[PDB]
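Quick notes on the structure that follows.
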There are 2 protein chains.
Amino acid sequence: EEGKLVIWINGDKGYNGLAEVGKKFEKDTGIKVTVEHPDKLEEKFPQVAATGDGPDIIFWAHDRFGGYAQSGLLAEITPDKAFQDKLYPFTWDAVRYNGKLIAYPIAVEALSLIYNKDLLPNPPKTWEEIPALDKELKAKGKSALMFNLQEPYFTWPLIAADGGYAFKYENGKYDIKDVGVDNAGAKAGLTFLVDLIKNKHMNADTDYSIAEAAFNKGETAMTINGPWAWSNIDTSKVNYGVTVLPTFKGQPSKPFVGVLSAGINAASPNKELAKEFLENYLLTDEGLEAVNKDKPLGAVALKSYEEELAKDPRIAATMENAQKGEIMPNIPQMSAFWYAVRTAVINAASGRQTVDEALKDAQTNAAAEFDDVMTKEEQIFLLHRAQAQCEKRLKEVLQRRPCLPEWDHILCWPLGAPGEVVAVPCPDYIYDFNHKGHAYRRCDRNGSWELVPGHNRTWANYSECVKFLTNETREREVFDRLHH
Amino acid sequence: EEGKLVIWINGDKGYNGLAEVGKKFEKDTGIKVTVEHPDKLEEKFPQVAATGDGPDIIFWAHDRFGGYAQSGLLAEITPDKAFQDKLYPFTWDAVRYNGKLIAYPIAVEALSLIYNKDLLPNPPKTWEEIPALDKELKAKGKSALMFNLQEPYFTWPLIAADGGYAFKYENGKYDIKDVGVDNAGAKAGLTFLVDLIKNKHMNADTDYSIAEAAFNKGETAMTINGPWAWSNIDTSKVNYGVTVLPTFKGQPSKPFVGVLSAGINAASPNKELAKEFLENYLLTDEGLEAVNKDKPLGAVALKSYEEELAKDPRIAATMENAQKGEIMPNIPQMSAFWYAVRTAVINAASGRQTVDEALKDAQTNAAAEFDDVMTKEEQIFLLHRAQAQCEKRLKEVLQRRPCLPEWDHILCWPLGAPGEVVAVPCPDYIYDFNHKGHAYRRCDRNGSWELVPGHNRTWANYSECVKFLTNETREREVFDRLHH
Ligand SMILES: OC[C@H]1O[C@H](O[C@H]2[C@H](O)[C@@H](O)[C@@H](O)O[C@@H]2CO)[C@H](O)[C@@H](O)[C@@H]1O
Ligand SMILES: OC[C@H]1O[C@H](O[C@H]2[C@H](O)[C@@H](O)[C@@H](O)O[C@@H]2CO)[C@H](O)[C@@H](O)[C@@H]1O
């Protein structure tokens, strides 16, 4: 619906604060802003987004956005240099996919260890010593540690500590085929976690609300949660500290780093009003304070407002935990990774499967065999390998008038017969062309390739080759089909 | 350059009149309008258009626009119902390509027979009797007929009379493989034309300006030309009539029908100002009169201004000749057709080749083997043949709880294991997908496919399949490569 903004944001984040920014936007531009927090919005989005039940702006961590973008659900964002300099460049890095900017970076999230200072003046440096500490607190009618086991996000810091990883990065891209879910170190992490359930130290059933209300009512000594969760501990008036996670096997726990991002719906007719709201009303010391006051955002993208929160000890510990972690891949194969790791952790902790079986299946599910779709990078390699073959044929013709073989960035034209139109078969290596067509040049009477009239460019007609509209019309059909 | 309009239009059309409309536009919106008439603008366009040396608006006949559109050089035009009702629907038909509107129809052109009434009170009903009439006029120091032989556009009426054709139309599309350039009837037409050169009735060298200044100075009895050429005959004060072309072999001459169209450069940052100028300033009784006063447009698209010119006898004869002709295919394979037929006519009339050789080569050049690029139509056929196979597997599973195989407009999901995530390999028949990936559904505990949260749609994740962004990023690379 034109002339108003719908905004989806997670239900554990500061949506009431975001509403307050949207109130300010309505008073200043006369435009209604609706902030909504649906269950499972991250899987709700791709289906509904293109139906005008979807929002104008979606908030989530940067990992889901690779898939969204590749679904053609996000508009690309176009901020001017002046605005770009307001946010840390590494946050920009995170909302960058396939060389496009797909979102606005908001804040940087990382799991930390939150401990009850009064129940435990000194948080344990290692995971290994928790069993002993829990067995001690159980005697005092308490538990040592309780945290969301249902979500793979919270258990990963342990599973990644001794050697686990989502996808291997190398030479500036992710290997979708290489997954470190079932190596020696990951088994060590999950085996240890399963043992905690086995030995009655934790319950397998513990979900987000069970473990938070457990911590808030002083029933547990330690929780693992993110910045957003701090507001509730303050209301419950528990004397708490936020600290670096425990080491496992002398190796630091490696939490996934989330950059909360705001994306703009490609289907929204309110794109300009979206940009206007995000750049001028939300990403400002005031706007971020409003959200931050409701639930803490973590380390915000905005450099100016960041320097302020960067004196907060609770942030420092989130940043310390962020440096020790790994930033989540934002590639499309992530949703399979999450489903795989959820299944795995759930099955292992319940007993449905042994740790080794659970992870070996997760290995196979998460890991995708190479995409068969040709990427821009690969296409360019074929183009360079064809340019090469053109240097070669020109060097070999000249080694012993017709127009000379030349390379025009796409084809390699052969010796032209003077006065003639030269037809050359549209090159098979250009993935997108019609390889049955022909491209044309006029080779003039004197052995120079005819020129575009009154210009200094070589005339060539490629209209049999190019299928830009057809490719669109077809691909659009598949998109409409996927969405209506 | 933002905030002003550059307009390319042919040099034999009414560019001074179009300038006058552009003057009016500048006085009313404070926007500078430049009307330019470059040599060979129809082949100049594709190369320069994407360089900001190209125009905002290009005028040409509808045939070249298939190629332009497929080059992604034209913006699609979006006129409202109210405006669409102002122009005849068949002119709209002509500027329609692959189900998009790519231009604005301006006027309808057709070659006619122009005769000097004073040198010849009765124009010859047949082509056969011209030799006798010329041999008579030569004795009086004149010639019977002189017209542009250099361009295939003017010779085609004869070449298409006894059975020639560009591309066979069938079931609402052109067969690029089927060309009637070298059938029995086309040879008859070209043989006859070559005989006129042979027997000294016409000169092979006769180009556009030679033949018009010949007619205007009273040196020839008959010319073949279009509406645009009438203004000069009126200045030269020759008593002329415009009439239906001579029949050949008892068959009417079949001229190509051109719908002069105005297209908007996809690269232009002035698209809105383009639409504004074309809809409100040019396609109006006043605007078209201004152009029409400079050089006649033919039968204009605008119904209201058309009824006026539709009383002009000269138009009536163009319309009569239009009905007897064939409307030019606007497919991309046209430019090859033109190059093929030019070469052919040139070589035959000069003597470089015998008529049969000339046309058999034109046959091979003009005719393209089928496009290998999959079109939307074909992709849908594969989708329907996959839907079919789904009805089939559902009917055969039910012929003898799990979630039931069903068809979701793209894939056909197999029997689901209750409680499980169902992975299904991205379908190989979807040309645009990544056929290595997997699509996902949750089959719930009770044997119903899990639903998109709070909605009535079946949840499915296709993010491994879809490559909408990659396909763009890659194709864009090829476009930039073709243009810079
Ligand atoms: O649990 C898998 C889940 O992890 C991430 O979502 C986080 C989110 O980043 C946090 O802000 C917080 O609300 O917890 C969520 C998990 O409970 C991924 O972004 C998401 O795709 C994935 O499903
Ligand atoms: O002859 C090949 C040429 O024919 C057509 O162009 C015509 C044009 O439509 C007329 O309005 C007039 O100005 O003469 C032109 C050429 O004589 C085709 O439109 C064009 O593609 C083709 O090159």
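Chain lettering (A, B, ...) mirrors the order of the structure tokens, residue numbering begins at 1 for each chain separately, and ligand numbering begins at 1 in order of display.
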
Hey, which bits of chain A sit within 7 Å of chain B, and for each residue what's the closest pair of atoms and how far apart in Å (one decimal), counting only C-alpha atoms, rows by chain and increasing number, as a tab-separated table?
residue	atom	partner	partner_atom	distance
A:44	CA	B:452	CA	5.9
A:67	CA	B:463	CA	5.2
A:69	CA	B:469	CA	6.5
A:70	CA	B:469	CA	4.8
A:71	CA	B:466	CA	5.6
A:72	CA	B:468	CA	5.6
A:332	CA	B:463	CA	5.9
A:333	CA	B:464	CA	6.1
A:368	CA	B:437	CA	6.8
A:369	CA	B:436	CA	6.5
A:370	CA	B:436	CA	6.9
A:371	CA	B:436	CA	5.7
A:372	CA	B:434	CA	5.6
A:373	CA	B:434	CA	5.3
A:375	CA	B:474	CA	6.1
A:376	CA	B:474	CA	4.2
A:409	CA	B:481	CA	6.1
A:410	CA	B:481	CA	6.9
A:432	CA	B:475	CA	6.5
A:434	CA	B:373	CA	5.2
A:435	CA	B:372	CA	6.3
A:436	CA	B:371	CA	5.7
A:437	CA	B:368	CA	6.6
A:452	CA	B:44	CA	5.7
A:453	CA	B:44	CA	5.9
A:463	CA	B:67	CA	5.1
A:464	CA	B:332	CA	6.0
A:466	CA	B:71	CA	5.7
A:467	CA	B:70	CA	5.3
A:468	CA	B:70	CA	5.2
A:469	CA	B:70	CA	4.9
A:470	CA	B:375	CA	6.0
A:473	CA	B:376	CA	6.1
A:474	CA	B:376	CA	4.1
A:475	CA	B:432	CA	6.3
A:477	CA	B:376	CA	6.9
A:481	CA	B:409	CA	6.0
A:482	CA	B:410	CA	6.9

Within-6 Å residues of ligand 2, basis only C-alpha atoms and all ligand atoms, as a PDB file with N, CA, C and O atoms, in the first residue's frame:
ATOM      1  N   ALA B  61      11.085   3.407 -38.267  1.00  0.00           N
ATOM      2  CA  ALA B  61      10.021   2.441 -38.519  1.00  0.00           C
ATOM      3  C   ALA B  61      10.157   1.277 -37.556  1.00  0.00           C
ATOM      4  O   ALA B  61      11.252   0.972 -37.096  1.00  0.00           O
ATOM      5  N   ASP B  63      10.404  -1.846 -37.539  1.00  0.00           N
ATOM      6  CA  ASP B  63      11.164  -3.075 -37.771  1.00  0.00           C
ATOM      7  C   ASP B  63      12.496  -3.191 -37.004  1.00  0.00           C
ATOM      8  O   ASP B  63      12.883  -4.280 -36.564  1.00  0.00           O
ATOM      9  N   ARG B  64      13.194  -2.074 -36.842  1.00  0.00           N
ATOM     10  CA  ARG B  64      14.508  -2.077 -36.199  1.00  0.00           C
ATOM     11  C   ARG B  64      14.414  -2.218 -34.697  1.00  0.00           C
ATOM     12  O   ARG B  64      15.419  -2.478 -34.029  1.00  0.00           O
ATOM     13  N   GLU B 151      18.377   1.068 -52.064  1.00  0.00           N
ATOM     14  CA  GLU B 151      17.718   0.562 -50.858  1.00  0.00           C
ATOM     15  C   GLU B 151      16.719  -0.549 -51.176  1.00  0.00           C
ATOM     16  O   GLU B 151      15.857  -0.394 -52.054  1.00  0.00           O
ATOM     17  N   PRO B 152      16.836  -1.683 -50.466  1.00  0.00           N
ATOM     18  CA  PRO B 152      15.934  -2.814 -50.679  1.00  0.00           C
ATOM     19  C   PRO B 152      14.472  -2.472 -50.423  1.00  0.00           C
ATOM     20  O   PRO B 152      13.599  -3.160 -50.939  1.00  0.00           O
ATOM     21  N   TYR B 153      14.215  -1.417 -49.649  1.00  0.00           N
ATOM     22  CA  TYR B 153      12.852  -0.978 -49.312  1.00  0.00           C
ATOM     23  C   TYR B 153      12.021  -0.613 -50.543  1.00  0.00           C
ATOM     24  O   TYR B 153      10.817  -0.882 -50.576  1.00  0.00           O
ATOM     25  N   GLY B 258       5.464   0.376 -42.964  1.00  0.00           N
ATOM     26  CA  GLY B 258       6.225   0.932 -41.863  1.00  0.00           C
ATOM     27  C   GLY B 258       5.328   1.731 -40.948  1.00  0.00           C
ATOM     28  O   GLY B 258       4.574   2.592 -41.403  1.00  0.00           O
ATOM     29  N   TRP B 338      17.695  -7.227 -44.332  1.00  0.00           N
ATOM     30  CA  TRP B 338      18.015  -6.024 -45.090  1.00  0.00           C
ATOM     31  C   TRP B 338      19.388  -6.072 -45.766  1.00  0.00           C
ATOM     32  O   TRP B 338      19.492  -5.788 -46.954  1.00  0.00           O
TER      33      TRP B 338
END

Hey, what's within 7 Å of range 156-165 of chain B if we count only C-alpha atoms and toss same-chain stuff fewer than 6 positions away? As a PyMOL selection string, please? chain B and resi 179-181+183+185-186+189-190+248-249+251-255

Store the residues of this selection in a file with N, CA, C and O atoms, as a compact mmCIF listing (two decimals), in the first residue's frame.
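again01.txt was written with the following content:
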# COMPACT_ATOMS: atom_id res chain seq x y z
N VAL B 179 12.22 -18.29 -45.23
CA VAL B 179 12.33 -17.02 -45.95
C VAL B 179 11.95 -17.20 -47.42
O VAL B 179 12.41 -18.13 -48.09
N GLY B 180 11.12 -16.29 -47.92
CA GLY B 180 10.65 -16.34 -49.30
C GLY B 180 11.36 -15.38 -50.22
O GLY B 180 10.74 -14.75 -51.07
N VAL B 181 12.67 -15.30 -50.04
CA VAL B 181 13.50 -14.40 -50.82
C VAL B 181 13.92 -15.05 -52.13
O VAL B 181 14.15 -14.35 -53.12
N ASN B 183 12.18 -17.84 -53.76
CA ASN B 183 11.16 -18.65 -54.44
C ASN B 183 10.98 -18.21 -55.90
O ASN B 183 11.61 -17.25 -56.37
N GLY B 185 8.52 -16.70 -57.43
CA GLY B 185 7.93 -15.37 -57.61
C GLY B 185 8.88 -14.20 -57.39
O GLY B 185 8.77 -13.17 -58.06
N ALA B 186 9.81 -14.36 -56.45
CA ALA B 186 10.82 -13.35 -56.16
C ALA B 186 11.80 -13.23 -57.32
O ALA B 186 12.18 -12.12 -57.69
N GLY B 189 10.30 -11.29 -60.07
CA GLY B 189 10.33 -9.86 -59.73
C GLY B 189 11.69 -9.22 -59.94
O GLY B 189 11.78 -8.13 -60.51
N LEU B 190 12.74 -9.89 -59.48
CA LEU B 190 14.10 -9.38 -59.65
C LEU B 190 14.61 -9.51 -61.10
O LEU B 190 15.27 -8.59 -61.60
N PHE B 248 2.09 -6.69 -60.96
CA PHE B 248 3.05 -7.52 -61.68
C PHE B 248 2.51 -8.94 -61.80
O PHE B 248 2.15 -9.56 -60.80
N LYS B 249 2.47 -9.44 -63.03
CA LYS B 249 1.91 -10.75 -63.35
C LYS B 249 0.48 -10.90 -62.82
O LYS B 249 0.10 -11.97 -62.35
N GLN B 251 -0.70 -9.70 -60.24
CA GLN B 251 -0.65 -9.66 -58.79
C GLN B 251 -0.24 -8.25 -58.36
O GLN B 251 0.68 -7.68 -58.94
N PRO B 252 -0.94 -7.68 -57.35
CA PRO B 252 -0.53 -6.38 -56.85
C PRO B 252 0.88 -6.38 -56.23
O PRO B 252 1.29 -7.39 -55.63
N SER B 253 1.60 -5.28 -56.40
CA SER B 253 2.88 -5.06 -55.73
C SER B 253 2.68 -5.03 -54.22
O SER B 253 1.68 -4.48 -53.73
N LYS B 254 3.61 -5.61 -53.47
CA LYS B 254 3.42 -5.77 -52.04
C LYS B 254 4.45 -4.98 -51.23
O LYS B 254 5.44 -5.55 -50.79
N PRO B 255 4.21 -3.66 -51.03
CA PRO B 255 5.18 -2.84 -50.30
C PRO B 255 5.19 -3.16 -48.81
O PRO B 255 4.17 -3.57 -48.25

Which residues are near residue 412 in chain A? Cut-off 7 Å, only C-alpha atoms, ignore same chain within fewer than 6 positions. Put them as a ChimeraX atom specification. /A:390,405-406

Please identify the strand (DSSP E or B) residues within range 53-105 of chain A (assignment by DSSP from backbone atoms) and present them as a PyMOL selection string. chain A and resi 57-61+74+87+96-97+100-101+104-105

Only N, CA and C atoms, please: the residues just picked out, written as a CSV table (one decimal), in the first residue's frame.
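Printed below is out.csv as written:
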chain,number,residue,atom,x,y,z
A,57,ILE,N,10.1,-2.8,4.7
A,57,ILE,CA,11.5,-2.9,5.3
A,57,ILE,C,11.5,-4.1,6.2
A,58,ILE,N,12.5,-4.9,6.0
A,58,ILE,CA,12.7,-6.1,6.9
A,58,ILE,C,14.0,-6.0,7.7
A,59,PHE,N,13.9,-6.2,9.0
A,59,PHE,CA,15.1,-6.3,9.8
A,59,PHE,C,15.4,-7.8,10.2
A,60,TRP,N,16.6,-8.2,9.9
A,60,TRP,CA,17.2,-9.5,10.3
A,60,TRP,C,18.7,-9.4,10.2
A,61,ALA,N,19.4,-10.4,10.8
A,61,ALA,CA,20.8,-10.5,10.6
A,61,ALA,C,21.2,-10.8,9.2
A,74,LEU,N,14.9,-8.2,-2.5
A,74,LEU,CA,15.4,-7.0,-2.0
A,74,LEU,C,15.7,-6.0,-3.1
A,87,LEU,N,28.9,5.2,8.8
A,87,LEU,CA,28.9,3.9,9.3
A,87,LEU,C,30.3,3.2,9.1
A,96,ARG,N,27.0,-6.6,2.0
A,96,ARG,CA,27.4,-6.6,0.6
A,96,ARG,C,27.4,-8.0,0.1
A,97,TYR,N,26.7,-8.2,-1.0
A,97,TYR,CA,26.5,-9.6,-1.6
A,97,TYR,C,26.6,-9.5,-3.1
A,100,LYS,N,26.7,-6.2,-4.8
A,100,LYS,CA,25.7,-5.3,-4.5
A,100,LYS,C,25.5,-5.0,-3.0
A,101,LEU,N,25.1,-3.8,-2.7
A,101,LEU,CA,24.6,-3.5,-1.3
A,101,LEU,C,23.2,-3.8,-1.2
A,104,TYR,N,20.9,-2.1,4.9
A,104,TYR,CA,21.6,-1.1,5.7
A,104,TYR,C,22.1,-1.8,7.0
A,105,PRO,N,23.4,-1.7,7.3
A,105,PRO,CA,23.8,-2.3,8.6
A,105,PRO,C,23.4,-1.5,9.8

Once DSSP has gone over the backbone, tell me which residues of range 25-232 of chain B are in alpha helix (DSSP H), as a ChimeraX atom specification. /B:25-29,41-48,65-70,81-84,89-94,130-138,152-159,184-198,208-216,230-232

Neighbour list for residue 112 in chain B as a ChimeraX atom specification, cut-off 6 Å, only C-alpha atoms, skip fewer than 4 positions in-chain: /B:224-225,244-245,318

Minimum-distance residue to residue 209 in chain A, chosen among A:348, A:149, A:119, A:404 (using only C-alpha atoms):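 Among the listed residues, A:149 lies closest to residue 209 in chain A.
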
Would you compute the distance between CA of residue 399 in chain B and CA of residue 384 in chain B? Give it in Å to one decimal.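 CA of residue 384 in chain B lies 22.3 Å from CA of residue 399 in chain B.
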
CA of residue 84 in chain A and CA of residue 257 in chain A, how far apart in Å?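 Answer for the CA of residue 257 in chain A to CA of residue 84 in chain A separation: 21.3 Å.
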
Which residues are close to residue 401 in chain B, i.e. within 7 Å by only C-alpha atoms, leaving aside same-chain residues fewer than 6 positions away? Reply as a short mmCIF file (atom, residue, chain, number, x, y, z; two decimals) with N, CA and C atoms, in the first residue's frame.
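Wrote it out as part.cif, contents follow:
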data_model
loop_
_atom_site.label_atom_id
_atom_site.label_comp_id
_atom_site.auth_asym_id
_atom_site.auth_seq_id
_atom_site.Cartn_x
_atom_site.Cartn_y
_atom_site.Cartn_z
N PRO B 418 6.44 -37.97 7.37
CA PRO B 418 5.84 -37.13 8.43
C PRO B 418 6.87 -36.64 9.44
N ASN B 446 1.22 -34.67 11.03
CA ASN B 446 -0.09 -35.25 10.66
C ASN B 446 -0.27 -35.47 9.16
N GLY B 447 0.77 -35.17 8.40
CA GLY B 447 0.75 -35.43 6.97
C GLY B 447 0.21 -34.29 6.12
#

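Taking CA of residue 449 in chain B and CA of residue 54 in chain A as endpoints, the distance between them is 21.5 Å.
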